[PDB]
Amino acid sequence: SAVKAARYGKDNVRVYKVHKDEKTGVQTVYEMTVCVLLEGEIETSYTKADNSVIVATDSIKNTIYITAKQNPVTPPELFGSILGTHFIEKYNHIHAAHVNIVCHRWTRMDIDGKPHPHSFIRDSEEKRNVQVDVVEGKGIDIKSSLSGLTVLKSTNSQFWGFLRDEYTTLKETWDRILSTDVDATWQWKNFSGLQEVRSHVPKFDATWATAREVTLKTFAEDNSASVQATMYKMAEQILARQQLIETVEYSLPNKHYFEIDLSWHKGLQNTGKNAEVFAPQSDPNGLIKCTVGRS
Amino acid sequence: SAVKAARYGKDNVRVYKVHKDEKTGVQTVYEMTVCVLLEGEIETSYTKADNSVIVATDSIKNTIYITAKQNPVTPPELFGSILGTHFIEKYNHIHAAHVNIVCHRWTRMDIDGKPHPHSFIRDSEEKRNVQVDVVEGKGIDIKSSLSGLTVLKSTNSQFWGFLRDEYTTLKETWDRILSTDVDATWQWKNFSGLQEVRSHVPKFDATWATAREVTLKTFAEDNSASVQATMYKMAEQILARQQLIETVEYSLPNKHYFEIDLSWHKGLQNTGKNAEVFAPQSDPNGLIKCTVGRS
Amino acid sequence: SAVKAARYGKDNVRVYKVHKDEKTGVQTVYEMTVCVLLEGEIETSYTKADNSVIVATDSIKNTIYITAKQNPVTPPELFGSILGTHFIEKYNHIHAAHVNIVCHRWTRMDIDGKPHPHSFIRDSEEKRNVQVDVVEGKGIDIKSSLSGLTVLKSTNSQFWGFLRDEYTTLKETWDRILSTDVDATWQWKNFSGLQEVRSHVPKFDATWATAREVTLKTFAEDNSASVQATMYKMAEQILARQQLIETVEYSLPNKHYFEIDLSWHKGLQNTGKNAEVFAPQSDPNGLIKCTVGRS
Amino acid sequence: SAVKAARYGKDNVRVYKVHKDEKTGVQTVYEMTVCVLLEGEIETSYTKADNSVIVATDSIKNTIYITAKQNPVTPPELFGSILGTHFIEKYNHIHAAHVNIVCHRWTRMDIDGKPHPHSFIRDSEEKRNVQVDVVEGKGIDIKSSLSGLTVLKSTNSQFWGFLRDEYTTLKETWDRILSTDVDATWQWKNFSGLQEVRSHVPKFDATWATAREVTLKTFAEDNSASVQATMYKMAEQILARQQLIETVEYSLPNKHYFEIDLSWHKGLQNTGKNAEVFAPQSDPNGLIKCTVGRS
C-alpha cells in the first residue's frame, strides 16, 4: 500500500478581532471560524512514524492568531490568502494550504435612530464564507460564498408541465409557496499570488454585496416557473456584473409547505384559492443545484 | 401506587397562516410551533387502560389547525387563550390546558427601498413566545417572552470587587467584552377569562416591543458593573412601563471571550490595553438569573 | 421593585476523571457535564452593584475541578451532594446550591472477547443525570434520571377505544409501531445531610440499573393499550423495588411511523396486514407524562 | 452564460421497512435516510423554463418507497445500485443517478438473556453509509463508509519529535489521552452493472464488519506515535483483507483533553504523572486525513 493523498491541520478555530478608532471612539468587531489543512512532503509521518515533517496542529492554531494580530482580517478573501501563503513560504516541504473561513454577523446596533459606537447584534445566522487554496507554483484559487440566507414568498411561484408517468402523484399548480435556504458560491479567476489578490481587494466586498442583492431581488420579483429557472436567472446576472468571476454555483432546497384539507370538519374550505393555513414540512425536501459559467 | 400528576398532548406542531389583503394585494405570513398539553379526569387511562377518557393527540393536532383557520393567530397571547379555552369548554372532564407557542420571524423584504407585497426573510433566530395556562375556575395565566436575542458589546463592561479566597484565580477588570443570549419573560396579572384577555389585546404587542427596546438600550448604554446589575436595570424599567405585568424574569449566559497572550512570539503585545485578538469560548459559561416583582 | 428570586453560577463545565489501578493496570474513565447555581443573601449585587457578595462564576468552575480531584465522582448522587454541601458550608451568606450533572457513556471495549484495560467506546447518547438541591437547614433533595434511551417495537402496540367527536380523524388500530425516547426520573426521600447520603451509597447505582431494566423489559413485553398504560406499569414496578423512592416521573414522546398507501401504483398493497414500508415522521409528536407516587 | 453542471432530486427521505418471519414470528427492522440526485439532458429546465424534461422531485420520493417495497433494502450497496439503475433505465434523457443512504441502528434487545422477537434499541448514533453513482455507459461506483464511531483511550498515545520553531508552544509528550470520531470510507472497484453488484453481495456486510473490527482493534492496541501513524495501520489492514477495494480513506478529528494545573490551590498535584482530572475541549480540534491505495 501507498499514501495516495494526505492533508492535516486544525479545524473550528474561533477568532474575534476588534478595531478601535482612536479619533472617533468607534469600535468595529469581526468574528470568524477558521480551518487550515496542509499538504506536502509528509507521507513519512503516516508510514514511518516520522514526526519531524509535522508542523503540529497546535502550532497552526498559534499561527492563525498571530496572523490575525498582524494583518487585516477583512475582506476574508485577503486574510485567507495571507494565511495560506504564509505556510507554503515558511515551510519548504509544505506545498499546498487550504483555508476555510466562516464569518459570523455582528451588526452595529441603532439606539434612538443613531448607530452605537460599541454594541452589536447577531441578525440572523446567515454567513459569508471563503475557501482559499494556495498551491506552490499554481497561484491562489478563491471560492467566495453566502449561506444560511432563508427566504419565503407566499405567492408568485408555479410548477406545472413536468413529466407525468406511473410514478407521478403531484398535481400541477399555478400558485404555491416557495421557501429555501440560499447557498451561493462564486469562483474567481486564478490569481498569480498575493500581489494580484491585493490589487483586487475592493472587488471582494462589492461582489458579495452584488451577489446578495441579485439573489434577493430576483427571488422577490421572478414569477417563478421552477426553482431551476429562477436560480439560473440569479447566476446569469452575477456573471454579467463581475468579469473576474468564472462560475457561479447555487444549491437550493425546496422547503415544502403543504395544504391542509379541512373539509371533513363542517365543510371548512382551506384548499386552492381558499388555502390560509398550511403545514410546513421538515423533511423530505427537494434539492436543486446548478453551476453556470461563460459560453 | 397512585397517579399524582398527569398531562398529555401534542408537541412540535408547525403551523403557517397567510393573510391576503383583497384591496392592496399585500400578503402577511405567520409561522409558529405549538405545543398543547391537557390535564383532567384522565387517571384511568393510565391505571385501567380506559381509553374512553382520552382525546387522541391526533385530534389535538387537528384542533390546532381548525382553530388557526377560524381565528386570528396574532397576538400569540390571544391565540393561545382561545385555543386553551376551547379544550376546557368542549370537554367536561378536561380541567386545564397548557399552550406553548413559539413564533418564528418572517420579516417583509425591502426591494429597491420599498416593502415587497409577498416576500419575506428570516432575520435571525430570535423568537417571541407565550405560555398560556387555562385552568377551569382559575382564569388564564399568561407568560410572554423573547429568546435567542444574541448581543455583544466590545467595551464598557467591568467586573471587580468580587469575593476573593483560596478558590479564586480571576483577575479584576475595568474593561472587558460582554456577550449574552437574552431570555426575558414577563408574567401578566391573572385574567378572568377570554373576555378580559380580549379587552387588553393592544397591550400585548406594545409590551413585547417595550421589553425588546428596553433590553437593547440598557445593554448598549449601561457601563456595566456586572451582569447582575445590568439585568436588574432592565427589569425595573419594564415593570415601570406596564402596570398589568406582575414580574419580569431574565436568564442570561455570560459568553466568555478570553485574551490571548502572544508575548512568547517576538514579544507581541496582545493583552490589556493592547488586546485586539481574542478567543471566544464555547463552554463553560456563566449563567445569571433573577426575577423582579413589585415591592 | 424588589428581587423576588435570584440564582447564578456556572453552566456547561465539562469534566473528565481517570482512575488507574496500580495493581492490575486497568484504567476507568468518567466524563460529565456539570452546572452549579447558588442562592443566598446576594440581592445587593443586583440592586446596588455590590460585588462583595459574589463568589465569581470562574471560582465556582475552579471549585468543581478541585472537588473532583479530592473526591470520588461516582455515583453522581454522592458527588453532587458533596459539591453542593461545600458551597453552603464554606460561604455564610450562601444558603442553597443547585447541582445538575449529566454523565456521558464511556463503555469499556471488548477486543478479541476480552475487556481492554484502557480503551472505551461511546455506545449511544443515553445519559444518566442527577439534580441535587442542597438547602441550608432543609437537607438534600436528589432527583436521579435516565434520558435519551431510544427504543422501537414493530408490533404488540394497540390504540383503540378513545373519544371520537367532530375533531377526530384517527382510525382505531390493533397493531402499530411504538417508538419513544425515554426520560425517567426517580425522586429520593429527603436526606438530612451528607452522612445520610453516604449511608445509602450502594442504592444509587442499583436503583439506576433497576429503573433501566424495568423500563426495557416492560416496553418489550407489554401488549400496550396506550403509552399511558405502559408507562404506569413501569413506574409501579420501580416504586415496589426501592422503598427510599417517593415518586417516579416518566415523559415519553410518541414518535409516529405512518403507513404509505401505494395502491395508486399498479395496485401495490402496503397498508394494514400488508404494511412493510413506513414513513417515519419527524414532527409533530405525541407527548405523554405522568408522576406516580405512593397511595 | 451556459449551464456547466446541474443535478437535482430529493433529500432527507426517511424510510423504515419491516421483515416478518412467518415461521418463527421474528421481526427485523431497517431504517434509513435516502438522498437521490439526477443528471442528464435537463439544461432547458434552467434556461428556457421547459419543465417537460423534469421528473418531479415528489416522483423521485414515490420511487424510493416503491423500490423499497419491491426489493431487499439490505445490504445498502445493493439497494442503492438497484435504485440508481432504475432512473437511468427508465428515463432516456437521465444519464447519471447519485444515491446516498445513511443507515440508522436498530439493534435487537436482549431481555432476560434472550433476543426479543420484535423490540429494538438505538445503540449509539454510529452510522453505516453508502454513496452509489450510477453513470450510463460507465457502470456503478460504490463508496461504503462508517461514521460517528466515537472512541477514547486513556493512555498509550504519544506525540513527540515534531517540528519546533518560533510558532511552537506545544510540549512533547509520552503519555496522553487520544479521542476521535471515526469516519472511514472504502471505495470498491468499478462494477459493470447490476449483475456484477449482485454477484458480490456477501462481500458488502463482511467488509463493513472487517473495517469496523480493524478500526477498533488497531486503535485499542497501537502504542500510537501520532494520529497519522495509527490511521495508516488501519487502512493497510483493510486493503490486505479485501482485494475488491481500491482505496481506503480515513478522516479523524483529534478531540483534545487538557491537563488542569491545580498547584495554585494548596499545592495540589494534577499534572504529568499525577494528572487525574482533565478539561475536555469542545474546540478547536486537530483534523487528520489520508487516502491509502495499492502500490
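Here the chain labels run A, B, C and D in written order, and each chain numbers its own residues starting at 1.
Heads up, the rule we're going with is that a contact is a pair of C-beta atoms (placed from the backbone, for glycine too) under 8 Å apart; a residue touches a chain by one contact, two chains touch by 3 or more.
> Could you figure out which pair among C-D, B-C or A-C mirrors the A-B interface, over half of its contact pairs being identical by residue number?
C-D
> Could you label the chain A-chain D interface same or different, taking same to mean over half of its residue numbers are used by both chains?
Shared-number fraction above one half, so same.
> Taking each chain's centre as its mean C-alpha position, how far apart are chain B and chain D in Å?
Inter-chain centre distance comes to 38 Å.
> Counting in whole Å, what is the centre-to-centre distance of chain A and chain D, each centre being its mean C-alpha position?
25
> Where the CA atoms of chain C average out and where those of chain D average out, how many Å apart are those spots?
Chain centres of chain C and chain D, defined by C-alpha means, are spaced 30 Å apart.
> In chain B, which residues are in touch with two or more of the other chains?
Residues 14, 62, 66, 167, 169, 265, 282-283.
> Judged by the touch rule stated earlier, which pairs of chains are there in contact?
After working through each pair, the chains in contact turn out to be A-B, A-C, A-D, B-C, B-D, C-D.
> In the complex formed with chain A, which residues of chain C make contact?
166-167, 169, 264-266, 282-283
> What residues on chain B touch chain A, complex-wise?
It is residues 14-19, 27, 29, 31, 62, 65-66, 68-69, 106, 109, 111-112, 116, 118-125, 149-156, 177, 216-217, 219-221, 257, 260, 262, 265, 268, 270, 275-280, 282 of chain B that touch chain A.
> Per the contact definition, I'd like the list of chain A residues that touch chain D in the complex.
Going by the criterion above, the answer is residues 1-14, 35, 37, 42, 45-47, 49-59, 61-63, 66, 91, 159-163, 165, 167-170, 225-226, 228-229, 231-232, 235-236, 239-240, 247, 253-254, 283-295.
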